[PDB]
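Take a look at this single chain in structure tokens; it is the form deposited in one PDB entry.
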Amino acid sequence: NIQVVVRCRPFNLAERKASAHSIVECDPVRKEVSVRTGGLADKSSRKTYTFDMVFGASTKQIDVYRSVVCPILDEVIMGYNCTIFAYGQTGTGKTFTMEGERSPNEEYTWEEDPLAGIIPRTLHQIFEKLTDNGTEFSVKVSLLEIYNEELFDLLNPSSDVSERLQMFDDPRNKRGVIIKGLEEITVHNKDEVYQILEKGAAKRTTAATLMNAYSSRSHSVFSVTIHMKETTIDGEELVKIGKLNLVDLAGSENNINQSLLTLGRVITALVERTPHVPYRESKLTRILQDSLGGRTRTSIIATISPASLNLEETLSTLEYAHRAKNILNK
């Protein structure tokens, strides 16, 4: 049930001038990724995995959005909850897939930058889709980050990153939590998206100087809630509420990361049908527990490197992502 896709990033400039041989080969039509495990392009041993979708190095942001994100966004707009995880070693493209970057020299506007990732495109498409049709709606976003089992709000513009948030169980709905003081920024229109994202980037920079390896060791959860009151061309009123969580996981390479540690164990118990799932043993898994064997539709995008140097880690990732496929929810 949980759909997992693989995305291989392309060799960087440093690897180009050093003329690197890729140990990774993708086959989109056959949903397969093959990895050279022994060495030699003339003769070798290989490991092969089949996932729900595979994207090779030539894949652009647009392909990933039209393929994986558009159908999920549609489900969200119907009143469902969806989650998308980016999993993989640091430097493989987890942030590039989820957030994206800017094209050099101000060549484009944030709405047309071909380097934009899932988060900017989605906020732009929500307004694009709901504004056209006759629908009343409000968009709220939120950016929760976890570092060393502490919670931080990266969008509140009246608090510094030295102020952690408190987490309690929600006495109302089970297996849910309440984050005291978490801010929800209302995005009144498409032309209000970029700055909210800019604010989070700046505050995140203060976070990095205050915590070691912050961007490598932290988990970020960018949430977008959509309150909708649709009115068909007839006069029917549809009040749907959708929530989409975009999670940029800590680097999977191996102090301790309890949330990452617990995520691997939660997945294990779910796939092996173990009665006890260790959701509560980490902030990340308590927060997103409905996205792991719950009533949420979730997708995992595993990012890998094609360089032979990252062999051990590329396999860990694939192998980790291949087991997640057996997780069933709803």
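In this text, rigid core is short for the largest set of C-alphas that superpose within 1.5 Å between two forms. Don't overthink the numbering: it's just position in the shown sequence, from 1.
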Check your understanding: Is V68 left out in a third or more of the other entries?
Key -> no
Check your understanding: Would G176 be found without coordinates in at least a third of the other compared entries?
Key -> no
Check your understanding: How many residues that are in the deposited sequence but not in the model lie between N254 and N255: none, 1 to 3, 4 to 9, or 10 or more?
Key -> 10 or more
**Study point:** Greater mean Cα temperature factor according to the PDB record, 51-59 or 23-31
**Key:** 23-31
Practice item. Going by the average Cα B-factor in the PDB entry, point out whether 74-82 or 126-134 comes out higher. Key: 126-134
Check your understanding: Between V277, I287, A41, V69, which one tops the list for C-alpha B-factor in the PDB entry?
Key -> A41
Exercise for review: Go through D248, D169, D153, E101 one by one and give the residue whose Cα B-factor in the PDB entry is largest.
Suggested key: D169
Practice item. Sort the modelled residues of this chain by their C-alpha B factor and say whether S291 lands in the lowest, middle or highest third. Key: middle
Study note, to complete from the structure: For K174, the third of its chain by CA B-factor is the highest
Practice item. Going by the recorded CA B-factors, say which third of the chain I119 sits in, lowest, middle or highest. Key: lowest
Point to revise | Third assignment of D191 from its chain's C-alpha B-factors | key: highest
Revision key, fill the gap. By the entry's values, the third containing the CA B factor of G91 is the lowest
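What comes next is about the form deposited in another entry, which is not displayed.
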Check your understanding: Among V54, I267, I304, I300, whose C-alpha is off by 2 Å or more between the shown form and the other one on a rigid-core fit?
Key -> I267
Exercise for review: Would you say whether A18 is displaced between the shown form and the other one, judging by a C-alpha shift of 2 Å or more on the superposed rigid core?
Suggested key: yes
Check your understanding: Taking the rigid core as the frame, does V29 move its C-alpha by 2 Å or more between the shown form and the other one?
Key -> no
Check your understanding: Using the core for the fit, does the CA position of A213 change by 2 Å or more between the shown form and the other one?
Key -> yes
Point to revise | Sense of CA distance change between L73 and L292 in the other entry, threshold 3 Å | key: closer
Exercise for review: Since the Cα separation of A41 and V24 moves by 3 Å or more in the other entry, tell me which way: closer or farther than here.
Suggested key: farther
